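The block underneath contains the structure these notes are about, expressed in structure tokens.
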Amino acid sequence: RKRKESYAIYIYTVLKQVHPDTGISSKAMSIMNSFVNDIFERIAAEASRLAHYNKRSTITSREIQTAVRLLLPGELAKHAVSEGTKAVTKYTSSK
Amino acid sequence: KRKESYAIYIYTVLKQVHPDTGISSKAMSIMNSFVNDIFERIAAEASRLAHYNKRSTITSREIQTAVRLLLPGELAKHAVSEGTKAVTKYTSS
Amino acid sequence: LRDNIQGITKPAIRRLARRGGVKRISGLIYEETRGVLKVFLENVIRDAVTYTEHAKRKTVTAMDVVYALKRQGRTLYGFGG
Amino acid sequence: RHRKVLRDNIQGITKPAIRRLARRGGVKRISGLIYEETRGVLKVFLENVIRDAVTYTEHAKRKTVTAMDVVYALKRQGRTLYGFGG
Amino acid sequence: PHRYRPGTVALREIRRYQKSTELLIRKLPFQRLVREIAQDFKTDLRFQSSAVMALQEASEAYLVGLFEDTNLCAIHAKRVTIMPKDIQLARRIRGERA
Amino acid sequence: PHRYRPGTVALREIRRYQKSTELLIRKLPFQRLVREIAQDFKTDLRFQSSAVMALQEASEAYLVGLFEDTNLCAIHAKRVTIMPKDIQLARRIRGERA
Amino acid sequence: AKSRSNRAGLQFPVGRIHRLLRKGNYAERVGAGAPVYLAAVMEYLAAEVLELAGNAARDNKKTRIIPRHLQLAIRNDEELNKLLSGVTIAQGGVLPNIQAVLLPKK
Amino acid sequence: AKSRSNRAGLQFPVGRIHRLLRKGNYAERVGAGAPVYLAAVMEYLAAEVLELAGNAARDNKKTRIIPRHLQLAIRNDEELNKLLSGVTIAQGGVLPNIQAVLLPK
DNA sequence: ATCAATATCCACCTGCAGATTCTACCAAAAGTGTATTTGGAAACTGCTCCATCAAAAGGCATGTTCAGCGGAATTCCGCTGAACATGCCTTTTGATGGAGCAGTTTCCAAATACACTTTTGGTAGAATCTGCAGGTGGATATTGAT
DNA sequence: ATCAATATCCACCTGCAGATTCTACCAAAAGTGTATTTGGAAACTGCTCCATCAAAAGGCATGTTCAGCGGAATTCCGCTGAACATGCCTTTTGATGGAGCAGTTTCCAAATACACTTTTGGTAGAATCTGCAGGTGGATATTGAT
């Protein structure tokens, strides 16, 4: 066996939600996979520094939120913050 | 009430190089920032080196490669020698 | 009476240019410079304040500024860190 | 049984290839000395990235430069590259 | 009735300011500007004095460095007088503009 | 005998290349250059084909971006012909020799 | 038994992201909400890019998004262009753009 | 009991550097030699700068190193200048430099 | 402004590489369920040092005058673009030997994890020492007018 | 070339803000001794894929010719900045309540560590599906000569 993970299937699902009849070449999918990973790393590293500067040993949704605000440009930040807060509020309402 | 810094070691190193030279507070603060900046750059590069190669440990070897990646030609050359020498002297005892 | 950005006077701007090796300055430079300085400060201060809020403080520390400058790629030595 | 000495390959970056790159860059007119200056600039860029790429290879104890070694080398230089597993 | 020719004193100023390291913008005015801008992100803020100083050192170092690049752009255009279009070129090429 | 005026075909070329995405440098020659340079740093190295392509995509994006900046420098000096000094000014502002 | 992604109302894998955060040496501890928030942001950014790229593909009368479409989507969008200013997209090319002074006549 | 710094023949704190590497979230483990190597590199770099700054102070007939001196030392050294190209030295000023074309006819 | 030589535009057509779609084995995840550990939010506190106000310090705003810079015009040499002929070397199609990369089972030197002894680095309230920033003086170079 | 108004520089002086020196205090680390755990080097290995030779052919590089027009030197003048003496409004400097930055005690919601149960994303890979590259030709420009 040989297994390597990627966000490809999740990227594909989201593509179908915004453009039901549009496909994506493997190369473009590879670029989308690199993009998602790049975003993950930037936010995580920023959250990491954030926790370190404040002598906190735990990275919570609050550090992720501040990191998003430092990383994204005006409008994207606002919408990212909403989607983020929304997913956490809902995640917390269950179980 | 504490607050750690590299000031005493920087000062001591200063006297080995210039026994008769002093250093102001602001200059000492700059030297401290420099030493911390260097520590962070090297440590972060070694962190990446170990992660890229799926290694759990940061060893003298990661520090060395990071040094070669981060310092310009000659500086790297000497930093590498100084590093190797301290590890050698450390192990030989 | 006045405006804050106008507090950065023509002579102060001239002095900066001088340290920058500039010999002759056109009149339109002053307003262009103020706008550039305003953008520089907005960007760094926005980040500095964001670190402040995250730490639940009401006081902007030198470190908040240092961290903001570092992530803007403007590393500053001499004020901590 | 071996090699075939690699020499002066920087001339492989021809005048026409350079004109094309300048066109994509929106350039309309090119002076005769631009080609040699461009080769020099490309060489410096390549040496710097390759040096770093090869450094990652050696650290991993490999003899084969991977696409990820290049991607990592580009990232160090601030030139993030998308499309090669990075 | 003595009088120095245009450029002579400017050249003298360049030598003087390139030798020194003191801040060239006045403190209070800079302080007011910083507080005004900060007020737009969060109200009722306090500043350690060292915070305002780090901000002034970074700002002045930034403008001086920009004035250097601007000077090269004016000179490139065979001028000795810097203009807004010089500052714009330098910022565009630095990637601060685009 | 028909002939386009100088600059007409160049403009047609700019529109053509700005519209496409293929690599503009020949493949085999670029690969030899990479192997030659790498060899000088370290002998006996091998290369995945994608490693060479990654280097070519990056080198070409780098050069195109440099020519755009160089073009602004030529234009700034009221020319439409880029010269070595425009590339030098651009590299200097970028900090590649600042 | 529900997946954390489902409970969060997300397509992106919360569990995987939680695991990537724990293994990436970012902090000694990672709270349960961190990966939820991060996955939501990642998903939102991917959606925004795909929305724009798909439009670029439609404009070129194509059904399949290719690197060039991703490049046009990103460079024509002010915020994405800034967020991704240090990024190079392979086979993406550049935006058509000819300095005005270069055009003929008057 | 002898300290690790002395054992490695260094002035910089190997024990402190070690602790900083461990708690800085760099990796799950830190080998014994890593802090030794790192400490020595930091020491050497500090030495290099202090030597040049010291000379810059002597050049100005002063016995106390101040920011200006660190700035002159770094910006006049091709390699240190490159290593610190993104750094601003508080109260360092700039190197004396007038473009030739600006000098009197 | 009509003409002619060419490039550009764009919809239609079809072989084909490349993308969407399985049925299934499944290692590796990810989720369920106690048990144990504890990070850091919340309420209360006392000493910093930050904002504010008065008084003394000294840099900036303003109008005049004109030196010389920037840029519009004119001119022409020679560089660089366009076009064409020629043929080379890159590109493409393809199969091969084998170096070397990724995986594997073994297993010891080295690193983690408390628990305990020894000690170095940081600092506050007290003392004292000193490098050098200004301030004076007088010599000399610099600059600009004649 | 000759003064003359000014800036610049060097030697000397000394008050003092800031740096080096001394000491008891002691929490916070760093060094140390024991037992437990494990990352990853060593040796054998299956097969991915990289280096390389093979051969055909046309896309593209090379080199030449010719002249359009861009770059750059030159002259010239309108007006924008530099220099400067004058009048004084703002910044700088030093003293004082209180906002709030840190350290502290507390204890619970939340995060490890862990033994198992359940669901999923990946993928080898024979088979079906399909967007669009690319060859073709004709409608509509776009240029440049006249």
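Chain A is the first sequence line, chain B the second, and so forth, proteins listed ahead of strands; every chain is numbered from 1. In what follows, every heavy atom counts, from backbone to side chain, and hydrogens, waters and symmetry copies are set aside.
Within 4.0 Å of F:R16, counting heavy atoms only, lies no atom of the nucleic acid at all. Using a 4.0 Å heavy-atom cutoff across all strands shown, E:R15 reaches no nucleic acid atom at all. Heavy atoms of A:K27 sit nowhere under 4.0 angstrom from any nucleic acid atom. Within the nucleic acid shown, E:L28 comes within 4.0 Å of at least one base atom, counting heavy atoms only. C:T61 comes within 4.0 angstrom of nothing in the nucleic acid, heavy atoms only. Heavy atoms of G:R7 sit nowhere under 4.0 angstrom from any nucleic acid atom.
Taking 4.0 angstrom as the limit, G:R64 places none of its side-chain polar atoms (N or O) nearer than this to OP1 or OP2 of I:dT20. Taking only side-chain nitrogens and oxygens, G:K61 comes nearer than 4.0 Å to OP1 or OP2 of I:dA11. For J:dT123, neither phosphate oxygen OP1 nor OP2 lies less than 4.0 angstrom from any side-chain nitrogen or oxygen of A:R1. Of the side-chain N and O atoms in C:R14, one or more sit less than 4.0 angstrom from OP1 or OP2 of J:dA82. A sub-4.0 Å separation between OP1 or OP2 of I:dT32 and a side-chain N or O of A:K95 is present. For the OP1/OP2 pair of I:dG100 and a distance below 4.0 Å, the side-chain nitrogens and oxygens of D:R62 include no atom meeting the criterion. For D:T64, no side-chain nitrogen or oxygen approaches OP1 or OP2 of J:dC50 to under 4.0 Å. Listed pair G:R19 / I:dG31 fails the phosphate criterion, with no side-chain N or O lying under 4.0 Å from OP1 or OP2. For H:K62, a side-chain nitrogen or oxygen approaches OP1 or OP2 of I:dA133 to under 4.0 Å. For E:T8, a side-chain nitrogen or oxygen approaches OP1 or OP2 of I:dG144 to under 4.0 Å. At least one side-chain nitrogen or oxygen of E:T81 sits closer than 4.0 Å to the OP1 or OP2 atom of I:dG70. Contact between the side-chain N/O atoms of B:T57 and the OP1/OP2 oxygens of J:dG40 is found at a separation under 4.0 Å. Residue B:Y6 has no polar side-chain atom (N or O) positioned under 4.0 Å from OP1 or OP2 of I:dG121. At J:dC69, none of the side-chain N or O atoms of F:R79 fall inside 4.0 Å of OP1 or OP2 (strictly under the cut-off).
For E:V9, taking side-chain heavy atoms from C-beta onward, the closest of the listed nucleotides J:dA83, J:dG121, I:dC101 is J:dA83.
Between H:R19 and B:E4 there is a salt bridge, with a side-chain nitrogen of the basic residue lying less than 4.0 Å from a carboxylate oxygen of the acidic one. Ion pairing between D:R62 and D:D69 holds under the 4.0 Å rule for side-chain N and carboxylate O. Residues E:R79 and E:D86 are paired through a salt bridge, judged by an N-O separation under 4.0 Å between the basic side chain and the carboxylate.
I:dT23 is unpaired under the Watson-Crick or G-U wobble criterion, no partner having all donor-acceptor distances under 3.5 Å. When Watson-Crick and G-U wobble pairs are counted only if both distances are under 3.5 Å, J:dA35 pairs with I:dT112. J:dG97 and I:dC50 make up a base pair, with Watson-Crick or G-U wobble contacts both under 3.5 Å. Pair assignment for I:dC3: none, as no Watson-Crick or G-U wobble contacts are both less than 3.5 Å. J:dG59 and I:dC88 make up a base pair, with Watson-Crick or G-U wobble contacts both under 3.5 Å. Under the Watson-Crick and G-U wobble criteria, each requiring two contacts below 3.5 Å, nucleotide J:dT105 is paired to I:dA42.
Residues F:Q56 and F:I25 have side chains in contact (heavy-atom distance under 4.5 Å, counting atoms from C-beta outward).
For a distance-only test at 3.5 Å, the side chain of E:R46 fails to qualify as a donor-acceptor partner of the base of I:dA51.
Both B:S24 and C:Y30 lie near DNA chain J, and the one whose nearest nucleotide falls closer to the 5' end is B:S24.
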